[PDB]
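Below you'll find only one chain, the form deposited without ligand ADP, shown as structure tokens.
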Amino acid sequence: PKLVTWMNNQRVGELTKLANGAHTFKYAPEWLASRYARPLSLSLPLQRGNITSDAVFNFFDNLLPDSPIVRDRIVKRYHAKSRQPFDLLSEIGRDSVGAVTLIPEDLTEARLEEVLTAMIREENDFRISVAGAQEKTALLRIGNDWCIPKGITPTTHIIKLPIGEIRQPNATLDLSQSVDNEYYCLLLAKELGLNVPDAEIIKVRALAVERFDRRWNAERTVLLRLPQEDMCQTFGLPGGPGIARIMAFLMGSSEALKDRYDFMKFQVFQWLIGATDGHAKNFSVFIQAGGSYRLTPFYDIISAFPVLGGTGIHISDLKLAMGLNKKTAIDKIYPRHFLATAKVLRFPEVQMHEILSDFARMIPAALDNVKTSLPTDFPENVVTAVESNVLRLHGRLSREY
């Protein structure tokens, strides 16, 4: 069967699930001729046929919650036929990241504390992540007030709840303050001139994060959805693109030199704050008219510093998701490794120094300005863990800049 794919009430094409379950996609010819025309994904170029590549299934799989458990709930709740994208999306495929809406071929402080109400890993991999669907909820709000949409009508915010405690075989990660954590890290990033979304803590104590793939009407009358996709979708994937593939890609951005500078800069930021979740899945581009693209703001940023020590883990356990140089251990990594990487990438040595130098200069006052602007409510263990472990790696920049 078929799902008609829309982007902002404009018709893009159709997704077909064939008899053997294969997913295929075909652009409408009034899409390929609109002034709005762009690919649905850079992995699905504008073209004329039925597209039958794995890129199609992946694309649409990448729109759904990663977790096989959040997938069961949707299955149970909406009586879905399976956990295949077509089947799960014929049920929840209205609001998703970026702009695509899929159609079958045919509120109250206490209900809130209420609306947000729902772990064990097999793997020894120190997953410290705020990108999970299992804590999220897209609300809508321009007033003073939260409210559930419904219909075809976009959300403005993603609300994140605490992760809580996580047990893998060999460690227990306490992420019960992941809300305060992400909040800190997002202000830090802003202080250091990284583009990141605006967030507030709301109160249960959750993160309200303003969506950067939503924008009001010029006439200010309709929330539009901005096309964007993540790097998994971009590359046709469910391995995993590192710094080199992404940096190559970003040479084609419409803001190539800025996006390439920011992206490298962000590898240094994640090193400094102990962020170990910067997988491909976690960077995104805006798709623009014509299928040109720009990096979005960076998002879903959490330090692993607050889970170091005690019931928690060691610093020698923290690995960058995308390594340098090959080099992944955050506590073995010095300015020199960033420069070896910039060199291998034919990213200008001078731009790498500039980045390393501004962090040298700026880290102390950024940390201090962030500290000043925290709520009075804020958990001091969180600040103390991040600040102290940041200043420590930063002193590796001083020994140098």
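Sequential numbering from 1, following the sequence displayed.
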Handout entry: Unmodelled stretch of the deposited sequence separating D106 from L107, binned as none, 1 to 3, 4 to 9 or 10 or more
Key = 10 or more
Problem - Size class of the missing deposited segment between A118 and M119 - result: 4 to 9
Handout entry: 50 to 58 set against 27 to 35, stretch whose average Cα temperature factor tops the other in the entry
Key = 27 to 35
Handout entry: Selected stretch [higher average CA B-factor]: 80 to 88 or 278 to 286
Key = 80 to 88
Completion exercise
Entry record, C-alpha B-factors for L140, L194, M247, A304; the maximum is at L140
Completion exercise
The residue of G312, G323, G164, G93 with the maximal C-alpha B-factor according to the PDB record is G93
Problem - CA B-factor placement of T172, once the chain's modelled residues are sorted into thirds - result: highest
Handout entry: For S67, the third of its chain into which the C-alpha B factor falls
Key = highest
Exercise for the section: Relative to the other modelled residues of the same chain, rank the CA B-factor of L374 and answer lowest, middle or highest third. Expected result: highest
Practice task
Report the third (lowest, middle or highest) to which the CA temperature factor of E229 belongs, ranking only the modelled residues of the same chain.
Solution key: lowest
Completion exercise
Assert third(CA B-factor, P297) within chain per record equals lowest
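The same protein also exists as the form solved in complex with ligand ADP; that form is not shown, yet it is the one meant from here on.
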Exercise for the section: Label the site open or blocked after overlaying ligand ADP from its pose in the deposited bound form onto the shown form by the C-alphas around the site (blocked when 3+ ligand atoms sit within 2.4 Å of backbone or C-beta). Expected result: blocked
Practice task
Spell it out for me: taking ligand ADP in the deposited bound form, does every residue among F266, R336 and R392 have a heavy atom no farther than 4.5 Å from it?
Solution key: no
Exercise for the section: Tell me, out of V130, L187, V100, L295, which residue has a non-hydrogen atom within 4.5 angstroms of ligand ADP in the deposited bound form. Expected result: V130
Practice task
Report the residue, out of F86, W146, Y299, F249, that has at least one non-hydrogen atom within 4.5 angstroms of ligand ADP in the deposited bound form.
Solution key: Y299
Exercise for the section: From the candidate stretches 267 to 275, 313 to 321, 240 to 248, 299 to 307, select the single one in contact with ligand ADP in the deposited bound form, where contact means a heavy atom within 4.5 Å. Expected result: 299 to 307
Practice task
Indicate whether ligand ADP has at least one heavy atom within 4.5 Å of a heavy atom of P197 in the deposited bound form.
Solution key: yes
Problem - Heavy atom of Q228 within 4.5 Å of ligand ADP in the deposited bound form - result: yes
Problem - Partner contact for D259 in the deposited bound form: ligand ADP, 4.5 angstroms, heavy atom - result: no
Handout entry: Contact of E255 with ligand ADP in the deposited bound form (heavy atom, 4.5 Å)
Key = no
